[PDB]
């Protein structure tokens, strides 16, 4: 099996830099100085497990440097020596026998790094030095010590492992078996590897952990949670190599990443980690992203990636958590439920912090400071289902609309109907029927954020207040980080003017103040649009016959209709409808009424993905997507 082993090592070295660009936990281009006692200077790895983790990552980083043709220390013999010497030092400190359900040092739960990161150290060092005098020793050290610390693909130090952990473990484990002379064909049949194969298959599921039918990744039972997928994504290429293209649902996973990510690494915060983050430094390297509008009709995500912006809305369904908190992070629900923002792709990536995470375009504030706490009632995490969650999504070639009806018990019974439309090159947002529990706001007006900025970040925009005053004391056309805001009036709907306010020292806002009286009656409303800086349009919105029948004409070939429970988008020869009740038949009367509303009563249409059934049309297939698509003349 020597050629199989050598082919793999060749492949590993060829793809190392690329693979590293996908790996979430790493230290890039390390320059830390070498130390004979602690591997590197200024760390205490033998007492502090976090420092041991740093030692491990740094060694791996140095392997990447050694292997990188463009790096100054490419194939450098002294670095090769430092790497093997570093491994020798680590090996000299490892208990033998390995402990049973204890970390070699530190407390339990500091087991990570010994099980996860350390075997990766053995693998990286051994392979990158495979053409050197150090290879046999490195390989022998790996065979011995991984034989102890990773005796199977799924067991380490007396513990059985699953999910992302097992995905990490299987890669150096499989390599360790290859070093022992076993073929990939034999390794595949091992009980532990079989578990991992099940874990990485990612079949479509309708509920619980895994890849839901519409390619949104769910974890912790009911949480949109890409942080976990992101962590072990780099391992997929290894399993595909080891065991063939067929062992992973590549189509499903690719679509999952398309549905939330972007090349710049910007990701809608409602699917990201609990601290409140819109950025991953690896997700952009997972796939080649198309310019497209994506929708997940069951899990409730609408995402658009254009040449100029990334925009996304996480909707709300009673089937999934709207929020997940932990003992530290508990103020992120507004961001997860109400972010209605486009990010200029050429803009600065400003990530949230404790002082700014309560503020984003689209967030409805119930207080001046905006803090809305939902504590975890367990000793670790807790996820929360919404009281009401019904969401419809409709998309065409370049446009997509999302219509959300939600009520959140833990956010003072906050409810709303939310209407969002993404198009080239902007986003329309209308909230109506905004409500909170009557008499709960202590005579304080609510406010809907239109634009927000972290004041510590020096973009080259003047402050919102300075821009307002320069612009004849109007906040219309206020710009931040490559995005421009405008108020959108709708005759017979209350749309407050844009005003500027600094809540805390770290934040400045443009917002629409809404009366607490209308919030009490669940009749409050707000309406704005964002444009990519340098782009403008003549978007107009209209109330037609009824408060809930809202027709948007972007004026550039895109029309949308929000008529709860139905949403519709029309662009060129395509029309898409969806019901927030997730109906699999659409009545012809809904179609006729919709076409009348948008000023095209005689529109000629025929079904594209549905068929004449009962009082209208039934979806050809409702397993994955719930939009009725028609071709028009």
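Residue numbers count along the first chain shown, from 1.
Checked against the record, the higher mean CA B factor of 150-158 and 559-567 lies with 150-158. Looking at mean Cα B-factors across 450-458 and 426-434, the upper value is held by 450-458. In the PDB entry, the Cα temperature factor peaks, among 315, 261, 400, 377, at 377. Based on the entry's C-alpha B-factors, the most elevated value among 360, 511, 547, 465 belongs to 547. Among the modelled residues of its chain, residue 297 has a C-alpha B-factor that falls in the lowest third according to the deposited record. Sorting the modelled residues of the chain by their CA temperature factor places residue 97 in the highest third. When the modelled residues of the chain are ordered by C-alpha B-factor, residue 442 sits in the highest third.
Annotation for residue 594: C-alpha temperature factor in the lowest third relative to the rest of the modelled chain, per the entry. The deposited CA B-factor of residue 46 belongs to the highest third of values across its chain.
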